[PDB]
Amino acid sequence: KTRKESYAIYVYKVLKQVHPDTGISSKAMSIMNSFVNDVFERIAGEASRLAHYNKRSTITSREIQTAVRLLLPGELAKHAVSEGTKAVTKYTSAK
DNA sequence: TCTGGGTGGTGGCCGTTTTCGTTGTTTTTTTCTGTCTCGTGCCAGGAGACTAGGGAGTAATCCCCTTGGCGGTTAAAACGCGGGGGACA
């Protein structure tokens with residue numbers, strides 16, 4: 001029985017974070033997983049293009065941030081950048 | 001006293017409002033069923049700790065080209081007049 005990976009459990013955790021008393025259906029979970037994969041691919045591809053354009057061989061958090069600012073619209077981009085910076089700072093704080 | 005004009009009342013026609021029944025749809029309570037969510041167990045991917053190397057950060061130098069400004073020419077933009085053909089009712 002093949003072991004197929006998905007974002008189902010993390011999407012569920014985020015859902016219980018925002019709407020504690022609310023479930024999700026299998027079809028909706030599949031749509032959410034597809035959405036996460038699509039956004040991942042878009043941001044990662046834009047970051048790869050950014051690194052290539054600058055003759056840089058590494059994808060850093062700066063490349064991800066610029067990719068996010070390019071892809072997402074105004075307010076969504078602002079808040080995504082805020083969350084990303086928060087997470088990166090919290091990560092570097094701990095070891 | 002008669003005729004014309006204007007106002008007031010009555011009647012007729014038209015428009016609006018309501019007024020009503022009829023379907024269609026929404027809401028509510030009961031049923032029941034199958035997928036969502038939780039648990040168990042295993043495993044394999046992530047973590048930890050460590051070494052090696054070079055990608056990239058950083059400083060210094062330089063040489064391009066981006067900015068600024070200035071004057072002369074004149075091509076283009078503006079403003080106006082006029083008319084007719086196109087929008088639209």
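Every test in (1) surrounded by fewer than 10 Cβ atoms within 10 Å (Cβ to Cβ); (2) within 15 Å of DNA strand B (Cβ to nearest atom) is passed by A:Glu75 save one, and that test is (2).
Among the residues making up segment A:28-54, those that are near DNA strand B (Cβ under 10 Å from one of its atoms) and within 26 Å of A:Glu5 (Cα to Cα) are A:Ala28, A:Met29, A:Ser30. Restricting A:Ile43, A:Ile24 to those that are surrounded by 15 or more Cβ atoms within 10 Å (Cβ to Cβ), touching a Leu at 6+ places or on another chain (Cβ under 7 Å), more than 26 Å from A:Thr92 (Cβ to Cβ) and of a type in the set (A, V, I, L, M, F, W, C) reduces the list to A:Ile24. Just a yes or no: is a residue in segment A:55-66 within 13 Å of DNA strand B (Cβ to nearest atom), on the phi < 0 side of the Ramachandran plot and loosely packed, with under 10 Cβ neighbours inside 10 Å? Yes, some residue in segment A:55-66 is within 13 Å of DNA strand B (Cβ to nearest atom), on the phi < 0 side of the Ramachandran plot and loosely packed, with under 10 Cβ neighbours inside 10 Å.
Checked against (1) within 10 Å of DNA strand B (Cβ to nearest atom); (2) among the hydrophobic types (A, V, I, L, M, F, W, C); (3) surrounded by 10 or more Cβ atoms within 10 Å (Cβ to Cβ), A:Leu70 meets all criteria but (1).
All Cβ positions, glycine included, derive from the backbone under ideal geometry; neighbour counts span all protein chains shown. Any read-out appearing in this document is the output of simple, stated calculations on the displayed coordinates, not a laboratory observation.
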